[PDB]
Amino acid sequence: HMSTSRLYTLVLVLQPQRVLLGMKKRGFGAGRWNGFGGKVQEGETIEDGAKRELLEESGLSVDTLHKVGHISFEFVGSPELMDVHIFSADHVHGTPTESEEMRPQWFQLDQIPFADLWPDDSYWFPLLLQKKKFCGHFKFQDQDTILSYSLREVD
């Protein structure tokens, strides 16, 4: 009997010359920059989950999200398949605001600090920045080392 896939959301506010990231202040991935998101709850849609996490973590509200990717992840030593649903936003309401969990900061699109993002980001950001959609899977040894991956555009 099977180990369950667990669902997560990730939102990247991607405007014409900049992307909003947040420095994670505690918990899983603390000390790296990332988009906003977290676990999708039982009883909520993925997109409602994404909007909720963007609001709680950054203080931003959105009318529209655009779904851009689906990437699953696994780590050696864990039975859990992490199933991450990735969205973009452009127009937003509110001002980026520091939360308990995240400190938002804008980055120019040619000045993304990839050394301080999850390692996978370096592989799929190019598709994200080109407004493409994609599916993939990454197998990690640990927080720093990818063992293998699959990634391709969907169209």
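The numbering used is simple: start at 1 and walk along the sequence shown.
Item to check | Residue range whose averaged C-alpha B-factor is higher in the record, 119-127 or 63-71 | outcome: That would be 63-71.
Item to check | Residue stretch of maximal mean CA temperature factor, 3-11 vs 144-152 | outcome: The deposited B-factors put 3-11 ahead on the C-alpha mean.
Checklist entry - At the C-alpha atoms, which of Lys24, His137, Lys132, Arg18 reaches the highest B-factor in this entry? => result Spelled out: the listed residue with the top C-alpha B-factor is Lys132.
Next on the checklist: When the deposited Cα B-factors of this chain's modelled residues are ordered and cut into thirds, is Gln105 in the lowest, the middle or the highest one?
Outcome noted: Ranked within chain, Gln105 CA B lands in the lowest tercile.
Checklist entry - Mind checking which third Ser99 falls in for C-alpha B-factor across the chain? => result Answer is middle: the recorded C-alpha B-factor places it there.
Next on the checklist: For the chain shown, is the CA B-factor of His93 in the lowest, middle or highest third of its modelled residues?
Outcome noted: Tercile = highest for this residue's CA B-factor.
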